[PDB]
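Everything below belongs to model.tsv, which stores TSV, C-alpha atoms and all ligand atoms.
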chain	number	residue	atom	x	y	z
A	1	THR	CA	0.00	0.00	0.00
A	2	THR	CA	0.99	3.65	-0.52
A	3	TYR	CA	0.80	4.23	3.24
A	4	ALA	CA	3.19	1.34	3.85
A	5	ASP	CA	5.40	2.67	1.06
A	6	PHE	CA	5.53	6.04	2.86
A	7	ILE	CA	6.74	4.49	6.14
A	8	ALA	CA	9.53	2.60	4.42
A	9	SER	CA	10.67	5.76	2.58
A	10	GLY	CA	12.36	7.29	5.60
A	11	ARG	CA	10.84	10.68	4.86
A	12	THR	CA	7.88	10.72	7.24
A	13	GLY	CA	9.58	13.01	9.80
A	14	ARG	CA	10.09	16.80	9.70
A	15	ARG	CA	11.42	17.97	6.37
A	16	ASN	CA	14.01	20.73	6.13
A	17	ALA	CA	14.51	22.87	3.00
A	18	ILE	CA	17.91	21.20	2.43
A	19	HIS	CA	18.73	17.55	3.10
B	1	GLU	CA	-14.82	46.68	1.19
B	2	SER	CA	-14.52	44.73	-2.07
B	3	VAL	CA	-11.40	42.63	-2.58
B	4	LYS	CA	-10.10	45.05	-5.21
B	5	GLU	CA	-10.36	47.89	-2.70
B	6	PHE	CA	-8.91	45.81	0.15
B	7	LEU	CA	-5.87	44.72	-1.85
B	8	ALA	CA	-5.14	48.08	-3.50
B	9	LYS	CA	-5.27	49.56	-0.01
B	10	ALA	CA	-2.98	46.74	1.16
B	11	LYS	CA	-0.51	47.57	-1.62
B	12	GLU	CA	-0.33	51.19	-0.51
B	13	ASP	CA	0.43	50.27	3.13
B	14	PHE	CA	3.06	47.74	2.08
B	15	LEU	CA	4.94	50.12	-0.23
B	16	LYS	CA	5.21	52.69	2.55
B	17	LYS	CA	6.56	50.13	5.02
B	18	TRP	CA	8.84	48.81	2.25
B	19	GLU	CA	10.30	52.28	1.62
B	20	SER	CA	10.64	53.40	5.24
B	21	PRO	CA	10.96	50.38	7.59
B	22	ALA	CA	10.21	51.02	11.26
B	23	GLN	CA	12.79	50.87	14.05
B	24	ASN	CA	12.10	47.37	15.41
B	25	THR	CA	15.41	47.16	17.21
B	26	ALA	CA	16.07	45.25	20.43
B	27	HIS	CA	18.95	43.40	22.10
B	28	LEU	CA	19.51	39.73	22.99
B	29	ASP	CA	20.03	40.51	26.69
B	30	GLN	CA	16.46	41.89	26.77
B	31	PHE	CA	15.02	38.37	26.33
B	32	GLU	CA	15.12	35.32	28.62
B	33	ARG	CA	15.59	32.21	26.52
B	34	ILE	CA	13.25	29.40	27.56
B	35	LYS	CA	13.31	26.46	25.19
B	36	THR	CA	13.87	25.51	21.56
B	37	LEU	CA	10.53	25.39	19.69
B	38	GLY	CA	11.82	24.07	16.35
B	39	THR	CA	14.73	23.94	13.91
B	40	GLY	CA	15.17	24.11	10.16
B	41	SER	CA	17.98	24.05	7.62
B	42	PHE	CA	19.05	27.57	8.52
B	43	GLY	CA	17.71	28.63	11.90
B	44	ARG	CA	16.80	27.67	15.44
B	45	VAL	CA	13.60	29.10	16.89
B	46	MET	CA	13.37	29.60	20.63
B	47	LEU	CA	10.61	30.51	23.02
B	48	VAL	CA	11.70	33.72	24.76
B	49	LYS	CA	10.40	35.94	27.55
B	50	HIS	CA	10.94	39.71	27.41
B	51	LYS	CA	12.54	40.53	30.77
B	52	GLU	CA	10.59	43.76	30.96
B	53	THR	CA	7.05	43.13	29.77
B	54	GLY	CA	6.83	39.42	30.57
B	55	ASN	CA	5.57	38.84	27.02
B	56	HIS	CA	6.51	35.64	25.19
B	57	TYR	CA	7.79	35.53	21.64
B	58	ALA	CA	9.37	33.13	19.16
B	59	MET	CA	12.96	34.17	18.46
B	60	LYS	CA	14.54	32.89	15.25
B	61	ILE	CA	18.36	32.77	15.51
B	62	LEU	CA	20.60	32.51	12.42
B	63	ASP	CA	24.35	32.01	12.33
B	64	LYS	CA	25.81	34.60	9.93
B	65	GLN	CA	28.66	32.34	8.90
B	66	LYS	CA	26.28	29.46	8.23
B	67	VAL	CA	23.91	31.74	6.34
B	68	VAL	CA	26.89	32.74	4.19
B	69	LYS	CA	28.09	29.17	3.68
B	70	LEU	CA	24.61	27.96	2.73
B	71	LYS	CA	24.30	31.04	0.47
B	72	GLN	CA	21.21	32.51	2.09
B	73	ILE	CA	22.41	36.09	2.37
B	74	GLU	CA	19.95	37.61	-0.10
B	75	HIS	CA	17.21	35.23	1.17
B	76	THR	CA	17.71	36.23	4.78
B	77	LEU	CA	17.64	39.93	3.90
B	78	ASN	CA	14.38	39.27	1.96
B	79	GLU	CA	12.96	37.29	4.90
B	80	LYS	CA	13.24	40.08	7.45
B	81	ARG	CA	12.34	42.86	4.96
B	82	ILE	CA	9.16	41.20	3.73
B	83	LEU	CA	8.12	40.10	7.19
B	84	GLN	CA	8.24	43.58	8.70
B	85	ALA	CA	6.34	45.05	5.74
B	86	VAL	CA	3.45	42.59	5.28
B	87	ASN	CA	0.21	42.63	7.23
B	88	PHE	CA	-2.39	39.81	6.93
B	89	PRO	CA	-4.55	37.85	9.47
B	90	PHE	CA	-2.64	34.61	8.84
B	91	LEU	CA	0.98	35.84	8.46
B	92	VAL	CA	3.00	35.63	11.66
B	93	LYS	CA	3.99	39.17	12.76
B	94	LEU	CA	7.58	40.35	13.23
B	95	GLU	CA	8.02	42.26	16.51
B	96	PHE	CA	11.77	42.90	16.55
B	97	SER	CA	14.86	42.15	14.54
B	98	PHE	CA	18.52	42.97	15.34
B	99	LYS	CA	21.93	41.39	15.10
B	100	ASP	CA	25.14	40.97	17.07
B	101	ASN	CA	28.72	40.01	16.16
B	102	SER	CA	27.73	36.41	15.36
B	103	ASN	CA	23.99	36.09	14.77
B	104	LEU	CA	20.84	37.50	13.13
B	105	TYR	CA	17.64	37.57	15.21
B	106	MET	CA	14.00	37.71	14.15
B	107	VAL	CA	11.68	37.91	17.15
B	108	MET	CA	8.12	36.91	16.11
B	109	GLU	CA	4.75	36.51	17.74
B	110	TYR	CA	4.75	33.13	19.53
B	111	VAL	CA	2.20	30.83	17.83
B	112	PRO	CA	1.65	28.24	20.59
B	113	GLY	CA	-0.47	25.45	19.00
B	114	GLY	CA	2.50	23.74	17.34
B	115	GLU	CA	3.12	22.89	13.71
B	116	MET	CA	0.35	21.66	11.47
B	117	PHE	CA	2.87	18.90	10.74
B	118	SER	CA	2.83	17.36	14.19
B	119	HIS	CA	-0.98	17.34	14.33
B	120	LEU	CA	-1.23	15.92	10.84
B	121	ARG	CA	1.20	13.10	11.56
B	122	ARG	CA	-0.38	12.24	14.93
B	123	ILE	CA	-4.02	12.31	13.78
B	124	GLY	CA	-2.96	10.54	10.58
B	125	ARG	CA	-4.94	12.64	8.14
B	126	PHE	CA	-7.44	15.50	8.11
B	127	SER	CA	-11.02	15.03	6.99
B	128	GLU	CA	-11.83	16.95	3.85
B	129	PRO	CA	-13.73	19.63	5.80
B	130	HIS	CA	-10.67	19.95	8.09
B	131	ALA	CA	-8.22	20.15	5.23
B	132	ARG	CA	-10.53	22.63	3.50
B	133	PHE	CA	-10.46	24.94	6.49
B	134	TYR	CA	-6.64	25.26	6.41
B	135	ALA	CA	-6.55	25.33	2.61
B	136	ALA	CA	-8.89	28.34	2.45
B	137	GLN	CA	-6.51	30.43	4.61
B	138	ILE	CA	-3.52	29.63	2.41
B	139	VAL	CA	-5.59	30.63	-0.61
B	140	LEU	CA	-6.51	34.00	0.89
B	141	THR	CA	-2.92	34.38	2.04
B	142	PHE	CA	-1.46	33.73	-1.39
B	143	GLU	CA	-3.96	36.13	-2.89
B	144	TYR	CA	-2.65	38.86	-0.56
B	145	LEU	CA	0.99	38.02	-1.16
B	146	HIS	CA	0.69	37.69	-4.92
B	147	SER	CA	-1.10	41.01	-5.29
B	148	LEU	CA	2.10	42.45	-3.72
B	149	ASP	CA	4.18	40.56	-6.30
B	150	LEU	CA	5.58	38.49	-3.40
B	151	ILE	CA	6.06	34.72	-3.76
B	152	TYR	CA	6.35	32.49	-0.71
B	153	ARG	CA	8.00	29.33	-2.09
B	154	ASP	CA	8.22	27.09	0.99
B	155	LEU	CA	4.65	26.01	1.77
B	156	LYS	CA	4.69	22.92	4.02
B	157	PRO	CA	3.03	21.69	7.24
B	158	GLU	CA	6.35	22.29	9.06
B	159	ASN	CA	6.06	26.01	8.18
B	160	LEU	CA	2.42	26.36	9.25
B	161	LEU	CA	1.49	26.99	12.87
B	162	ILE	CA	-1.82	26.66	14.68
B	163	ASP	CA	-2.86	29.52	16.98
B	164	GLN	CA	-5.10	29.73	20.06
B	165	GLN	CA	-8.25	29.89	17.92
B	166	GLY	CA	-7.15	27.00	15.74
B	167	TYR	CA	-6.21	29.18	12.77
B	168	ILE	CA	-3.13	28.96	10.56
B	169	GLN	CA	-0.17	31.32	10.93
B	170	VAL	CA	2.30	31.11	8.04
B	171	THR	CA	5.89	31.40	9.29
B	172	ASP	CA	9.34	30.93	7.67
B	173	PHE	CA	9.61	33.64	4.97
B	174	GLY	CA	13.14	32.42	4.20
B	175	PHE	CA	12.36	31.97	0.51
B	176	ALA	CA	9.87	34.82	0.16
B	177	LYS	CA	10.89	37.24	-2.67
B	178	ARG	CA	9.38	40.20	-4.54
B	179	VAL	CA	9.22	38.98	-8.13
B	180	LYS	CA	7.41	40.97	-10.81
B	181	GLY	CA	8.73	39.02	-13.74
B	182	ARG	CA	10.70	35.82	-13.21
B	183	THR	CA	13.18	34.32	-10.74
B	184	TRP	CA	15.64	31.45	-10.91
B	185	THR	CA	16.76	30.16	-7.50
B	186	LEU	CA	16.65	26.34	-7.09
B	187	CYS	CA	14.99	26.29	-3.67
B	188	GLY	CA	12.01	24.87	-1.82
B	189	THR	CA	11.56	21.74	0.31
B	190	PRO	CA	11.79	18.85	-2.23
B	191	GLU	CA	8.32	17.27	-1.90
B	192	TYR	CA	6.75	20.68	-2.51
B	193	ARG	CA	9.04	21.90	-5.28
B	194	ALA	CA	7.24	22.88	-8.48
B	195	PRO	CA	8.28	21.21	-11.79
B	196	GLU	CA	9.36	24.46	-13.42
B	197	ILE	CA	11.70	25.07	-10.51
B	198	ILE	CA	13.24	21.61	-10.89
B	199	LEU	CA	13.61	22.03	-14.66
B	200	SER	CA	15.72	25.17	-14.03
B	201	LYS	CA	13.27	27.40	-15.87
B	202	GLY	CA	12.43	30.95	-14.93
B	203	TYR	CA	9.33	30.76	-12.79
B	204	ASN	CA	6.79	33.01	-11.06
B	205	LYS	CA	4.02	33.14	-8.42
B	206	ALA	CA	2.42	30.03	-9.96
B	207	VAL	CA	4.85	27.80	-8.06
B	208	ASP	CA	2.91	28.54	-4.88
B	209	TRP	CA	-0.32	27.14	-6.37
B	210	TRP	CA	1.47	23.92	-7.25
B	211	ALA	CA	2.60	23.87	-3.61
B	212	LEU	CA	-0.96	24.43	-2.48
B	213	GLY	CA	-1.88	21.30	-4.44
B	214	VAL	CA	0.79	19.32	-2.62
B	215	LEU	CA	-0.36	20.67	0.74
B	216	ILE	CA	-4.02	19.87	0.21
B	217	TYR	CA	-3.10	16.35	-0.94
B	218	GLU	CA	-0.92	15.73	2.12
B	219	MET	CA	-3.60	17.12	4.39
B	220	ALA	CA	-6.29	14.72	3.10
B	221	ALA	CA	-4.08	11.72	2.27
B	222	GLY	CA	-1.78	11.84	5.29
B	223	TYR	CA	1.19	11.66	2.96
B	224	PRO	CA	2.41	13.85	0.06
B	225	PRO	CA	1.68	12.98	-3.61
B	226	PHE	CA	5.35	12.71	-4.54
B	227	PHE	CA	7.85	10.92	-2.30
B	228	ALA	CA	10.85	8.60	-2.41
B	229	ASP	CA	14.11	7.69	-0.66
B	230	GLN	CA	16.29	10.52	-2.09
B	231	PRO	CA	15.41	14.05	-3.22
B	232	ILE	CA	16.56	13.16	-6.76
B	233	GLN	CA	13.94	10.40	-7.22
B	234	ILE	CA	11.25	12.73	-5.83
B	235	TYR	CA	12.00	15.35	-8.51
B	236	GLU	CA	11.61	12.69	-11.21
B	237	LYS	CA	8.11	11.97	-9.92
B	238	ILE	CA	7.19	15.66	-9.74
B	239	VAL	CA	8.31	16.14	-13.33
B	240	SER	CA	6.52	12.95	-14.48
B	241	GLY	CA	3.26	14.65	-13.52
B	242	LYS	CA	1.43	11.39	-12.86
B	243	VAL	CA	-0.51	11.70	-9.61
B	244	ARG	CA	-2.43	8.78	-8.03
B	245	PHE	CA	-5.14	9.51	-5.45
B	246	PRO	CA	-6.38	7.52	-2.44
B	247	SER	CA	-9.87	6.03	-2.89
B	248	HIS	CA	-11.38	8.09	-0.08
B	249	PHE	CA	-10.70	11.43	-1.79
B	250	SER	CA	-14.05	12.95	-2.85
B	251	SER	CA	-14.57	13.55	-6.57
B	252	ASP	CA	-14.36	17.32	-6.10
B	253	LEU	CA	-11.09	17.08	-4.21
B	254	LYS	CA	-9.69	14.97	-7.02
B	255	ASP	CA	-10.72	17.52	-9.64
B	256	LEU	CA	-9.29	20.53	-7.78
B	257	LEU	CA	-6.03	18.69	-7.26
B	258	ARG	CA	-5.84	17.77	-10.97
B	259	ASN	CA	-5.97	21.50	-11.72
B	260	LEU	CA	-3.42	22.53	-9.07
B	261	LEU	CA	-0.98	19.68	-9.70
B	262	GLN	CA	-0.84	20.66	-13.37
B	263	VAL	CA	2.62	20.42	-14.89
B	264	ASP	CA	1.48	22.73	-17.72
B	265	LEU	CA	1.39	26.38	-16.57
B	266	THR	CA	-1.19	27.29	-19.24
B	267	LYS	CA	-3.63	25.02	-17.40
B	268	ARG	CA	-2.69	25.38	-13.70
B	269	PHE	CA	-5.45	26.92	-11.55
B	270	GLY	CA	-4.45	30.27	-10.12
B	271	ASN	CA	-2.46	30.98	-13.27
B	272	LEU	CA	-5.39	31.38	-15.63
B	273	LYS	CA	-7.18	34.57	-16.67
B	274	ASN	CA	-9.70	34.28	-13.84
B	275	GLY	CA	-6.69	33.89	-11.57
B	276	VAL	CA	-7.32	32.95	-7.95
B	277	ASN	CA	-11.06	32.91	-8.56
B	278	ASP	CA	-10.79	29.54	-10.32
B	279	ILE	CA	-9.80	28.09	-6.96
B	280	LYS	CA	-12.25	30.13	-4.89
B	281	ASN	CA	-15.10	29.01	-7.19
B	282	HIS	CA	-14.16	25.34	-7.58
B	283	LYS	CA	-16.79	22.83	-6.46
B	284	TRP	CA	-14.66	21.66	-3.51
B	285	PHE	CA	-14.79	25.16	-1.94
B	286	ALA	CA	-18.60	25.48	-2.34
B	287	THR	CA	-19.27	25.67	1.40
B	288	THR	CA	-16.47	28.13	2.01
B	289	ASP	CA	-17.52	31.56	3.27
B	290	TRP	CA	-14.39	33.30	2.02
B	291	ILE	CA	-15.06	36.55	3.89
B	292	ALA	CA	-16.00	34.89	7.18
B	293	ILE	CA	-12.76	32.93	7.09
B	294	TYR	CA	-10.82	36.23	6.67
B	295	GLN	CA	-12.72	37.75	9.60
B	296	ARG	CA	-12.02	34.56	11.58
B	297	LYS	CA	-15.70	34.12	12.41
B	298	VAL	CA	-15.75	30.43	11.41
B	299	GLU	CA	-15.32	27.79	14.10
B	300	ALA	CA	-12.00	25.95	13.80
B	301	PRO	CA	-12.18	22.12	13.43
B	302	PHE	CA	-10.08	21.94	16.57
B	303	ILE	CA	-8.25	24.05	19.11
B	304	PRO	CA	-4.96	22.88	20.74
B	305	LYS	CA	-4.56	22.37	24.50
B	306	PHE	CA	-3.16	25.36	26.42
B	307	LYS	CA	-1.59	25.24	29.84
B	308	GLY	CA	0.02	28.65	30.25
B	309	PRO	CA	1.67	31.57	28.40
B	310	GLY	CA	5.02	29.85	27.97
B	311	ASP	CA	3.61	26.36	27.63
B	312	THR	CA	5.29	24.52	24.78
B	313	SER	CA	3.56	21.14	25.04
B	314	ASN	CA	2.40	21.31	21.42
B	315	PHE	CA	6.00	21.27	20.13
B	316	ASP	CA	8.49	18.41	20.00
B	317	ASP	CA	11.57	18.48	22.22
B	318	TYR	CA	14.87	19.48	20.60
B	319	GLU	CA	18.42	19.23	21.88
B	320	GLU	CA	19.30	22.64	23.37
B	321	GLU	CA	22.37	24.29	21.87
B	322	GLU	CA	24.54	27.08	23.29
B	323	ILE	CA	23.98	30.56	21.80
B	324	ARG	CA	27.48	31.74	20.92
B	325	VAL	CA	28.48	35.37	20.27
B	326	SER	CA	31.98	36.18	19.01
B	327	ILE	CA	33.98	38.94	20.69
B	328	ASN	CA	34.57	40.51	17.29
B	329	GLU	CA	32.15	41.25	14.49
B	330	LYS	CA	31.72	38.62	11.81
B	331	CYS	CA	30.36	39.07	8.28
B	332	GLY	CA	30.10	42.80	8.86
B	333	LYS	CA	29.78	43.49	5.15
B	334	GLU	CA	27.37	40.70	4.11
B	335	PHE	CA	24.76	41.76	6.64
B	336	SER	CA	25.47	45.48	6.74
B	337	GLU	CA	21.89	46.33	5.82
B	338	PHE	CA	20.16	43.87	8.19
C	1	LIG	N1	6.39	32.22	15.23
C	1	LIG	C1	6.67	30.96	15.62
C	1	LIG	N2	6.12	30.45	16.74
C	1	LIG	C2	6.37	29.19	17.17
C	1	LIG	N3	7.19	28.34	16.54
C	1	LIG	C3	7.82	28.74	15.40
C	1	LIG	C4	7.58	30.09	14.87
C	1	LIG	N4	8.31	30.19	13.75
C	1	LIG	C5	8.96	29.02	13.58
C	1	LIG	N5	8.67	28.16	14.57
C	1	LIG	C6	9.16	26.78	14.72
C	1	LIG	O1	10.55	26.74	14.40
C	1	LIG	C7	10.77	25.92	13.26
C	1	LIG	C8	11.90	26.47	12.39
C	1	LIG	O2	11.55	27.77	11.91
C	1	LIG	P1	11.88	28.18	10.38
C	1	LIG	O3	11.08	27.27	9.46
C	1	LIG	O4	11.62	29.67	10.28
C	1	LIG	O5	13.45	27.81	10.21
C	1	LIG	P2	14.17	27.49	8.79
C	1	LIG	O6	15.60	27.11	9.06
C	1	LIG	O7	13.85	28.61	7.84
C	1	LIG	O8	13.43	26.13	8.30
C	1	LIG	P3	13.50	25.52	6.80
C	1	LIG	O9	14.45	24.36	6.85
C	1	LIG	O10	12.05	25.14	6.51
C	1	LIG	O11	13.98	26.69	5.95
C	1	LIG	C9	9.42	25.89	12.55
C	1	LIG	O12	9.33	24.74	11.72
C	1	LIG	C10	8.47	25.88	13.72
C	1	LIG	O13	8.52	24.58	14.32
C	2	MG	MG	10.98	25.99	7.89
C	3	MG	MG	13.07	28.38	5.91
Is it possible to express this structure as structure tokens?
Ligand SMILES: Nc1ncnc2c1ncn2[C@@H]1O[C@H](COP(=O)(O)OP(=O)(O)OP(=O)(O)O)[C@@H](O)[C@H]1O
Ligand SMILES: [Mg+2]
Ligand SMILES: [Mg+2]
Amino acid sequence: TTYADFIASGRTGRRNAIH
Amino acid sequence: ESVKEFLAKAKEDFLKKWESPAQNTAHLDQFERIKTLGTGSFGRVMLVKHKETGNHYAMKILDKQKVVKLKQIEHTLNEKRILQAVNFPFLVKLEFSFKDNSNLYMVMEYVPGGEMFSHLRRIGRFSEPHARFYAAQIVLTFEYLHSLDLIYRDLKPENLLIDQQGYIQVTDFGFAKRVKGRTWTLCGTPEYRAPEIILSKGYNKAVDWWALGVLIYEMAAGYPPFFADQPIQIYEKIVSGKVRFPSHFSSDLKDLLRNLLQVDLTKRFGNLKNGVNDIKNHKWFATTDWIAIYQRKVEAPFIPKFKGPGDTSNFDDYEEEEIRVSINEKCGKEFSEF
């Protein structure tokens, strides 16, 4: 599922302008 | 007041403030520093207490050297300049700015309900009426900004704060710029970065309406429409244009999003002849009393818990870092006009 895909992306926490 | 009258009047106030900025000076030793509220790529924002008045504020602290290394000199000058000149119900207000040998400080109104982000992640997702409530404010806010030829360029839940009445306050004007024609800086949090920006084209105010599309999607879906492991892969997806929606999205929501998340500028809502009115009149905003939202007469879908003036229980905890000030001036030239 997309929701599962999101979790495994590693980008569910706070996003800064630069990574 | 019609909108034309309101905005033309707004443009006149702004230009005055723009041309003769007020003396919003203060000094670091005038504020008691309580706790870190949040951090970004550039700055740390701290809850502070004015030693005199007892008033609380959010102080944004920027390291001059870091600002220079990350090449945000012109952006930081923009940030402060635009902030002290704008005036809208949902833009956080700048109370003081100043600098010392080492740092730049922007002391804002303290918005104590935390980031939209933390509520969104915890609840999981917002119902469409709930998302619609926040979306309407952003719409009115972009209308105001764009009439001033200002573009915001970093719309995300991390940059939106909830106040005591459950309304949005847009903060972080780090990428805000006055642009009457085109601009070229490759900037903007990746998930929310418009295609034209990624393609290294000259772009305009329309990038914010793309970003609105991404916001609304994330608010109703609980996750953004374009994501992947590395920022590179994300950009590929944004350029591809192919969006897939969750099955619970209403048909209206899907249509609006199709018109916001439009890779072709000639078709993107908010960039057509009718302008912002194509968004304000879209089926999904049928039940939106656009005026009443501006006057803040509409009941918010929720209101955060409050336990005092300097209560920070709606913000995550961050590791506290020492505020260092050099004994000699640094970057005197780069920030001469701050
Ligand atoms: N007026 C405010 N009141 C309360 N908290 C705030 C306020 N302004 C900012 N914050 C908190 O501090 C965090 C960092 O602020 P800001 O986004 O201005 O820093 P930044 O370095 O520009 O971030 P970015 O990486 O998005 O550019 C915000 O995400 C928010 O959590
Ligand atoms: Mg930010
Ligand atoms: Mg920023």
Close residues, residue 262 (chain B) itself excluded, 12 Å, all atoms listed in the file, min 6 positions apart in chain, as a PyMOL selection string: chain B and resi 194-196+206-207+209-214+238-243+255-256+268-272
Top pick for closest residue to ligand MG 3 (chain C), considering B:147, B:159, B:2, B:103 and counting all atoms listed in the file: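 Looking at the shortest contact to ligand MG 3 (chain C), the residue is B:159.
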Two-atom distance - atom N2 of ligand LIG 1 (chain C), CA of residue 149 (chain B) (Å):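 Pair atom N2 of ligand LIG 1 (chain C) / CA of residue 149 (chain B) returns 25.2 Å.
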Exercise answer, 12 Å around ligand MG 3 (chain C) with all atoms listed in the file, as an MDAnalysis selection string: (chainID A and resid 15:18) or (chainID B and resid 38:45 60:62 67 70 72 75:76 78:80 152:156 158:160 170:176 187:189)
Residues near residue 8 (chain A), cut-off 12 Å, all atoms listed in the file, skip fewer than 4 positions along chain, as a ChimeraX atom specification: /A:1-4,12-13 /B:227-229
For C-alpha atoms, I'd like the residues from the last selection saved as a CSV table (one decimal), keeping the file's coordinate frame.
chain,number,residue,atom,x,y,z
A,1,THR,CA,0.0,0.0,0.0
A,2,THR,CA,1.0,3.6,-0.5
A,3,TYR,CA,0.8,4.2,3.2
A,4,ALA,CA,3.2,1.3,3.8
A,12,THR,CA,7.9,10.7,7.2
A,13,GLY,CA,9.6,13.0,9.8
B,227,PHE,CA,7.8,10.9,-2.3
B,228,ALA,CA,10.8,8.6,-2.4
B,229,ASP,CA,14.1,7.7,-0.7
Coordinates-based distance that separates CA of residue 319 (chain B) from CA of residue 104 (chain B) (Å, one decimal): 20.4 Å
Minimum-distance residue to residue 135 (chain B), chosen among B:217, B:57, B:88, B:302 (using only C-alpha atoms):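 For residue 135 (chain B), the nearest of the candidates is B:217.
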Interatomic distance, CA of residue 116 (chain B) to CA of residue 165 (chain B) (Å, one decimal):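 The value is 13.5 Å.
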Nearest-residue call for ligand LIG 1 (chain C), choices B:323, B:198, B:179, B:162, using only C-alpha atoms and all ligand atoms: B:162
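Omitting region 308-311 of chain B and its sequence neighbours fewer than 3 positions away, and counting only C-alpha atoms, the residues within 9 Å are residues 34, 47, 48, 49, 55, 56, 57, 112 and 314 of chain B.
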Generate a file of the selected residues that holds C-alpha atoms, formatted as a compact mmCIF listing (two decimals), in the coordinates of the input.
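Dumped everything to part.txt:
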# COMPACT_ATOMS: atom_id res chain seq x y z
CA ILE B 34 13.25 29.40 27.56
CA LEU B 47 10.61 30.51 23.02
CA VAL B 48 11.70 33.72 24.76
CA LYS B 49 10.40 35.94 27.55
CA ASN B 55 5.57 38.84 27.02
CA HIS B 56 6.51 35.64 25.19
CA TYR B 57 7.79 35.53 21.64
CA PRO B 112 1.65 28.24 20.59
CA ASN B 314 2.40 21.31 21.42
Hey, can I get the axis-aligned box for region 4-13 of chain A? All listed atoms, 4 Å padding on each side, centre and edge lengths in Å to one decimal, as lines of an AutoDock Vina configuration file.
center_x = 7.8
center_y = 7.2
center_z = 5.4
size_x = 17.2
size_y = 19.7
size_z = 16.7
Fill-in result for region 141-153 of chain B, N, CA, C and O atoms as a short mmCIF file (atom, residue, chain, number, x, y, z; two decimals), in the frame of the given file:
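As written to disk, selection03.cif reads:
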data_model
loop_
_atom_site.label_atom_id
_atom_site.label_comp_id
_atom_site.auth_asym_id
_atom_site.auth_seq_id
_atom_site.Cartn_x
_atom_site.Cartn_y
_atom_site.Cartn_z
N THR B 141 -4.24 33.87 1.70
CA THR B 141 -2.92 34.38 2.04
C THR B 141 -2.06 34.54 0.80
O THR B 141 -1.34 35.53 0.68
N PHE B 142 -2.16 33.60 -0.14
CA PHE B 142 -1.46 33.73 -1.39
C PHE B 142 -2.03 34.84 -2.27
O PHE B 142 -1.27 35.56 -2.94
N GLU B 143 -3.34 35.01 -2.23
CA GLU B 143 -3.96 36.13 -2.89
C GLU B 143 -3.34 37.46 -2.45
O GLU B 143 -2.98 38.29 -3.28
N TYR B 144 -3.24 37.66 -1.14
CA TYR B 144 -2.65 38.86 -0.56
C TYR B 144 -1.22 39.01 -1.04
O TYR B 144 -0.86 40.02 -1.65
N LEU B 145 -0.41 38.00 -0.79
CA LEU B 145 0.99 38.02 -1.16
C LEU B 145 1.20 38.26 -2.65
O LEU B 145 2.03 39.09 -3.05
N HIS B 146 0.43 37.58 -3.49
CA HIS B 146 0.69 37.69 -4.92
C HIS B 146 0.28 39.04 -5.48
O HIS B 146 0.90 39.53 -6.44
N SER B 147 -0.73 39.67 -4.88
CA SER B 147 -1.10 41.01 -5.29
C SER B 147 0.05 41.99 -5.01
O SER B 147 0.14 43.02 -5.64
N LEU B 148 0.92 41.64 -4.06
CA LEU B 148 2.10 42.45 -3.72
C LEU B 148 3.32 42.02 -4.52
O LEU B 148 4.44 42.46 -4.22
N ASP B 149 3.10 41.17 -5.51
CA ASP B 149 4.18 40.56 -6.30
C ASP B 149 5.20 39.80 -5.45
O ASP B 149 6.34 39.63 -5.86
N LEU B 150 4.78 39.37 -4.26
CA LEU B 150 5.58 38.49 -3.40
C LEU B 150 5.26 37.01 -3.65
O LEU B 150 4.09 36.64 -3.78
N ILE B 151 6.29 36.17 -3.71
CA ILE B 151 6.06 34.72 -3.76
C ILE B 151 6.65 34.07 -2.52
O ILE B 151 7.68 34.51 -2.03
N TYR B 152 6.00 33.03 -2.02
CA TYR B 152 6.35 32.49 -0.71
C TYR B 152 7.35 31.33 -0.81
O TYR B 152 8.39 31.34 -0.15
N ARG B 153 7.03 30.34 -1.63
CA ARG B 153 8.00 29.33 -2.09
C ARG B 153 8.42 28.25 -1.08
O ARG B 153 9.28 27.43 -1.40
#
